[PDB]
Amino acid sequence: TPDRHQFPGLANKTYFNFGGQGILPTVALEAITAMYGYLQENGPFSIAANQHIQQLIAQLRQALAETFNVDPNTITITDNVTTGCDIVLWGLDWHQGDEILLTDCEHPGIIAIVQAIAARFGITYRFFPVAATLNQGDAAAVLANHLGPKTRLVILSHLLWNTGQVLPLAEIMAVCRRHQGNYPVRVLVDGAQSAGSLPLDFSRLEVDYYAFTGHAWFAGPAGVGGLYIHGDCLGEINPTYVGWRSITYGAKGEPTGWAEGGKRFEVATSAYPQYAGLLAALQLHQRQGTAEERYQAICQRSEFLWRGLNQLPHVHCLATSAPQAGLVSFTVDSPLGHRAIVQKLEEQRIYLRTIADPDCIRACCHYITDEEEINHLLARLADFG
């Protein structure tokens, strides 16, 4: 039984875009507003304010650490999912000829970093087909058939943003560690959709690097995200974008080394009030139930929506089995085109999004989504054909 009242934005609209950005809870806006007030009353720049900011940062780092069941030292605070990927990709000691493998469902922004890396260090990159494994096949086996002697890193999204498939991460990791080549194969995971929807425990689930954001499923404000790096991989990642937050200081205030753990990849002044907003959102989700309970609630909503769409004659879900998470992608048989359809729905205050590849429409159901909203969506979709 979710407390929908904590998310005022739900009230006069039918929202299904949590994957793009979550509806901000009241407690998050209160924390943001309270931080501006604290800074105005006590600083904004002063011993008291600077200490309050450092304490707030430690508190967020700790809440994130607890969310994934890991030590705070493995957590880096960023502004979004992408930055975490930039940190890992630019930090690796690349040699000409090294190879990177990405799935064919990765984000355009991520592909751009890889192209930038290829141009700078002379590495190469290839894609491997996973989109087609939504209803059959094995993504891990596809990867195994693409691994080569020069493969050094694999990049994949845990929950695919376009089709809604949850990749078999554990099996994929095993395939990578089993491989014998010039390098021990490592895996960088884009968790833009998975973090905050799927139950994640990095002490049970072995991962190398995991990038995420707080503004989508975690329902925090735009501008705050994070990155997990396993303690055994920290040494392989050289800091790149650095600043006063990245170092330790000497007698005369001179740089003497890298800050502890993930702090070495943090740069400088950030939007502190927003950090308090994310912290408040994180604590709110825990009061609603465990990650597991919230996950099952999300799946109950997506399946209900999925079933409803299966009944509509001119709508075709991409998944032939129940969604493994909160994402439900589908096409609509109509002369209008998916972008015009999404715009018409928004005109009715029903919010979904268009996907470029494959060309389809995507809806996100969260644990706070209810049956009336789903039925209202189904009702309006019934109009096209």
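Residue numbers here begin at 1 and follow the sequence given.
Engineer: Tell me which of 256 to 264 and 190 to 198 has the higher mean C-alpha B-factor in the deposited entry.
Structural biologist: Higher mean C-alpha B-factor: 256 to 264.
Engineer: Taking the mean of the C-alpha B-factors per stretch from the entry, tell me the winner out of 6 to 14 and 19 to 27.
Structural biologist: So the stretch with the higher mean C-alpha B-factor is 6 to 14.
Engineer: From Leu205, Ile77, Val114, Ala219, pick the one with the largest CA B-factor in the entry?
Structural biologist: Of the options given, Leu205 has the highest CA B-factor in the PDB entry.
Engineer: Would you mind checking which of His316, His52, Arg353, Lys344 has the top Cα temperature factor in the PDB entry?
Structural biologist: Max CA B-factor in the entry, restricted to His316, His52, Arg353, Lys344: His316.
Engineer: Classify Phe45 as lowest, middle or highest third according to the C-alpha B-factor given in the PDB entry, relative to its own chain.
Structural biologist: Lowest third of the chain for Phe45's C-alpha B-factor.
Engineer: Test of reading the entry: by CA B factor among the chain's modelled residues, which third contains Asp98?
Structural biologist: As the PDB entry reports it, the C-alpha B-factor of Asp98 lands in the middle third of its chain.
Engineer: Name the third of the chain's ranked CA B-factors that contains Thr133, choosing lowest, middle or highest.
Structural biologist: As the PDB entry reports it, the C-alpha B-factor of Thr133 lands in the middle third of its chain.
Engineer: Going by the entry, which third of its chain does the Cα temperature factor of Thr83 land in?
Structural biologist: Lowest third - that is where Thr83 ends up once the chain's C-alpha B-factors are sorted.
Engineer: Ranked by Cα temperature factor within the chain, is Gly164 in the lowest third, the middle third or the highest third?
Structural biologist: Within its chain, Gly164 is a middle-third residue by C-alpha B-factor, going by the deposited values.
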